[PDB]
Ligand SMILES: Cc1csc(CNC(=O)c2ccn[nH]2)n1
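In structure tokens, one chain follows: the form deposited without the ligand.
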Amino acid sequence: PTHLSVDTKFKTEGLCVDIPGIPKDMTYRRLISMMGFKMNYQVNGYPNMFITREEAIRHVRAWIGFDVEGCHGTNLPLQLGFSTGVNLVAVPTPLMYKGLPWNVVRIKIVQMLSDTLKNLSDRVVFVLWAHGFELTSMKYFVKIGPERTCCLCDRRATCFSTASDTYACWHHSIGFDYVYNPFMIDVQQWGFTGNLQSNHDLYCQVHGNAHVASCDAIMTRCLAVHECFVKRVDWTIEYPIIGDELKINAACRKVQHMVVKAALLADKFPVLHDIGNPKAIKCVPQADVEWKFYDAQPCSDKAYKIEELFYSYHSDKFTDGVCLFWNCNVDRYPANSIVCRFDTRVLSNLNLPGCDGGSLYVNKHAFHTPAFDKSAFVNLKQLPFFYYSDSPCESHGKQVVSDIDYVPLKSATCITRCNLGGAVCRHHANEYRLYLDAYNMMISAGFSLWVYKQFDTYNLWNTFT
């Protein structure tokens, strides 16, 4: 049980308005044949065009919502809509394109998918709310066959060119005209009552129905993300490394230790309330403080209400000491907090569009995160950049930068004994620059840092006496 059997039943009720008379009894094997595709009894890595919900969740980075609306069907123009916001009009002869024949429409489809997916996935998963026209339009831009590799690299082939008779991945498909061996899933097969808009609108108010195919494509992908990542969560599923995952995660650990150690040194809190990951470890193990942990899994639907996390009778006095919320999304942070909150609006290859303003952050695991809301931080301020270190001023080993290329560091934010004494040493200059790179990496990945209003790095200078 790995792939979806072609002999699995496909429910056809959603298809009968576009395809009247369609048999109630239908398999994927018969549906694919009706779509104009021939599988030829082939055991070459592509057993079915359709995939299971479990296979779709493993390939969420490949998801592209797709919808087709009749403009007027061999005689009528079709409006092809994608969750990228693109609408194309194919004549049989929010970006809205005018009617053009299939031979040019298919070139645009290949360019659009390749640019969207080349840094995300090795494939495309068309996410549908199948009513008929989208399935019967596939033969005009899709070719299938055995699994193949790119003509310029080792990656699996996703495109085909009729001009050259060659195959390419998303990175090398310029000038290609056919989508090759795409995958697809029909959300209607999951058991829903009522139409797409009524189901989507139960969980999301950010995607309206501007009555175009791309709006339906967007809503379909949104509903699928809600079902697979919001109401249902699976953190066991691992996702491949596609970018700066490791550097970002290492930076996150460095920044957390730096900020918490400095808050404890500057304000000397007798107790720290660490709220979040039930598997968390003390980020500052040498700190004198009474460290208390509170279990809260990452919220994927709405941000936690602070009244439910803190109230209903723990140290009980969360007002004593400091509260640490490291990626623990709450509606309104208490004034005595240290906070790391992912900004869902960030544009990156790790952050995928999500449900109801939320985003799907995929870094080793998939985490649907509720919409970023500035009002959650009303009791705090933005945490400014600083580097603090009490370690001895001593270089050690071969230096990365040569003596002639090295410039001594000058910075008001290098909080060290050497900078207090008027001249930053080589070791602290190296560590400052490495820390600044890690910090910038974390910020640019979408993380935002917030702190209690009394936080002042001026209080760190007296820890050198």
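The numbering used is simple: start at 1 and walk along the sequence shown.
Peer 1: Using a one-third cut-off over the other compared PDB entries, is residue 427 one of the residues left without coordinates?
Peer 2: Looking at the other entries that model residues on either side of it, residue 427 is present in every one.
Peer 1: Does residue 53 have no coordinates in at least a third of the other PDB entries examined?
Peer 2: In none of the comparable entries (those modelling both sides of it) is residue 53 left without coordinates.
Peer 1: Classify the number of deposited-sequence residues missing from the model between residue 72 and residue 73: none, 1 to 3, 4 to 9, or 10 or more.
Peer 2: Gap size class: 4 to 9 residues without coordinates, per the record.
Peer 1: How many missing residues of the deposited sequence lie between residue 93 and residue 94 in the entry, grouped as none, 1 to 3, 4 to 9, or 10 or more?
Peer 2: Unmodelled stretch: 10 or more residues.
Peer 1: Could you settle it for me: does 304-312 or 135-143 have the higher average Cα B factor in the PDB entry?
Peer 2: Result of the comparison: 304-312.
Peer 1: Select between 206-214 and 335-343 the stretch whose C-alpha atoms have the higher average B-factor in the entry.
Peer 2: If you average the C-alpha B-factors of 206-214 and of 335-343, the larger mean comes out for 206-214.
Peer 1: Return the residue from 68, 438, 57, 404 that has the highest Cα B-factor in the entry.
Peer 2: If I rank 68, 438, 57, 404 by C-alpha B-factor, first place goes to 404.
Peer 1: Whose CA atom has the top B-factor in the entry, of 368, 98, 106, 254?
Peer 2: Comparing C-alpha B-factors across 368, 98, 106, 254, the top value belongs to 98.
Peer 1: Classify residue 459 as lowest, middle or highest third according to the C-alpha B-factor given in the PDB entry, relative to its own chain.
Peer 2: It falls in the bottom third of the chain.
Peer 1: For the chain shown, is the CA B-factor of residue 115 in the lowest, middle or highest third of its modelled residues?
Peer 2: It falls in the bottom third of the chain.
Peer 1: Comparing residue 26 with the other modelled residues of its chain, is its CA B-factor in the lowest, middle or highest third?
Peer 2: Middle third.
Peer 1: Split the chain's modelled residues into thirds by Cα B-factor; is residue 32 in the lowest, middle or highest one?
Peer 2: Its C-alpha B-factor, which the entry lists for residue 32, ranks in the middle third among residues of this chain.
Peer 1: Tell me, lowest, middle or highest third: where does the Cα B factor of residue 81 rank within its chain?
Peer 2: Tercile = lowest for this residue's CA B-factor.
Beyond what is shown, the protein has a form solved in complex with the ligand; the following relates to that form.
Peer 1: Here blocked means 3 or more ligand atoms within 2.4 Å of a backbone or C-beta atom once the ligand is superposed in from its placement in the deposited bound form. Does this form come out open or blocked?
Peer 2: Blocked.
Peer 1: Could you confirm whether residue 79 comes within 4.5 Å of the ligand in the deposited bound form, counting heavy atoms only?
Peer 2: Yes - in the deposited bound form, heavy atoms of residue 79 and the ligand come within 4.5 Å of each other.
Peer 1: Residue 383 near the ligand in the deposited bound form, any heavy atom under 4.5 Å?
Peer 2: No, no contact at 4.5 Å.
Peer 1: For residue 212, is any heavy atom within 4.5 Å of the ligand in the deposited bound form, or not?
Peer 2: Residue 212 belongs to the contact set for the ligand.
Peer 1: Might residue 89 be said to contact the ligand in the deposited bound form, defining contact as any heavy atom within 4.5 Å?
Peer 2: Looking in the deposited bound form, residue contacts with the ligand include residue 89, since a heavy atom lies within 4.5 Å.
Peer 1: Consider the chain as shown here, without its partner, and state which of 152, 174, 202, 71 has a heavy atom within 4.5 Å of the ligand in the deposited bound form.
Peer 2: For this set of options, the contacting one is 71.
Peer 1: In sequence order, which positions of 299-329 have a non-hydrogen atom within 4.5 Å of the ligand in the deposited bound form?
Peer 2: Sequence-ordered list is empty.
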